[PDB]
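Have a look at the structure below, then the notes.
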Amino acid sequence: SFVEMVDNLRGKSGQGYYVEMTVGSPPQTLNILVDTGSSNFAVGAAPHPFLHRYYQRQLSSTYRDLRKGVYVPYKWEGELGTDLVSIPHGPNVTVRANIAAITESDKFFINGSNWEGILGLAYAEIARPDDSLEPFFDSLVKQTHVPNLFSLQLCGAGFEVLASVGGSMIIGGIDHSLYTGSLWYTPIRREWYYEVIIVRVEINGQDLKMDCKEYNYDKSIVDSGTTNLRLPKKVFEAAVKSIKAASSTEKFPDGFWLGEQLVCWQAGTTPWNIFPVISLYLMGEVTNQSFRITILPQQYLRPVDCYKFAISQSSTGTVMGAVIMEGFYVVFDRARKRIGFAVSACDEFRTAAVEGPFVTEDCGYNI
Ligand SMILES: COc1ccc([C@]2(c3cccc(-c4cccnc4)c3)N=C(N)N(C)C2=O)cc1C
């Protein structure tokens, strides 16, 4: 049942959400980043200064060598093999999955994140070294009776060390206790990343009035493995302009808007009401319909009372990252090629919202 998967996610603000997994026999316990923005099960498999433990293939009786390497510059590299994998607070199953045993890496692992690997939940098209390497979830679905869908409730922190965050990854279904109101769905435009289409953007109800192709230039994706809302240059600039104006009563250093520095108010004085809400309208399942997800400053200002601006520029399209997902229960409905959003169960004047339908075309940035 899904209840045993509730709160199966932990993390530190800004360092991703991880789920406990085991690999090999006997089970080796590891914390693994839940990442909808990639498609490899890649796990630290050799000593590293940021790793307090790692996957030891030699300790595993069930390890099988694929005698093939993988090199991922962007870096990390490893050796492909398969082994038995389980998620202790997930489905009660064990699957033989591809594992990229990371033997060397540079600026991949995060100091103090408390995770030792990544669970790439996106599609084979973007698996490394190529689409022949079946992703974990594909293996899980093919080998078990787990429904071809998962959902994420990322809860963030809320009110010396980075704030601890929590959440739930529900594998194989939708846990109604994790959300309120209606689930609205936007199509997965193509199965590689979880690519979606944004058709309109508003800041405090004010339309940015851009050609919608701009919102999806050159793609828009939903990525738990990204902290911020990342926006294409033109959209980021229009958004920041609008947010600045909305919060004009209080002026901040441009270093804050650039996501560099933190703004501080002493405990409990943060003027949330000065910052605007942001509404992303996503293409509906029905051609000329859309719906909006509305996020509060409590989502896009992330605690480090000090905060960093969690909206940042992208040259690879829109990325609806953790701070966006944190307002919502997000359903990755792979079976029906669609992604659902609803208000998550996790101030007194505003609330994150999911609302539709709203009236409209050709917003996709073809490829
Ligand atoms: C197959 O190779 C992969 C796999 C995953 C990733 C990353 C990744 C890698 C390491 C750490 C994080 C990370 C850091 C902080 C917060 N939250 C995720 C993300 N996951 C995504 N979504 N992103 C955009 C990435 O950079 C990168 C590469 C190159």
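Position 1 is the first residue of the sequence, and the numbers go up from there. Atoms within each ligand, like the ligands themselves, are counted from 1 in listed order.
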Report, one line per pair, each donor and acceptor closer than 3.5 Å where one atom sits in a side chain of residues 241-249; sequence neighbours left out.
from, atom 1, to, atom 2, distance (Å)
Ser247, OG, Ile243, O, 2.9
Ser247, OG, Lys244, O, 3.3
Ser248, OG, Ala245, O, 3.1

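- At a 4.0 Å heavy-atom cut-off, the residues surrounding ligand 1 are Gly14, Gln15, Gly16, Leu33, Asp35, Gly37, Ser38, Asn40, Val72, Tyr74, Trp76, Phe108, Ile110, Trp115, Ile118, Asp223, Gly225, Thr226, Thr227, listed by chain and number.
- By the side chain to side chain donor-acceptor pair (under 3.5 Å) test, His52 is found to be paired with no residue, residues two or more places apart in sequence or in another chain being considered.
- With hydrogens and angles left out, the side-chain atoms of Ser113 and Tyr18 include no donor and acceptor closer than 3.5 Å.
- With contacts defined as side-chain heavy-atom distances shorter than 4.5 Å, the pair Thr316/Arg230 qualifies.
- With sequence neighbours excluded, no residue forms a side chain to side chain donor-acceptor pair (under 3.5 Å) with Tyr215.
- Using a 3.5 Å distance cut-off with no hydrogens or angles, the side chains of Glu326 and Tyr17 do pair a donor with an acceptor.
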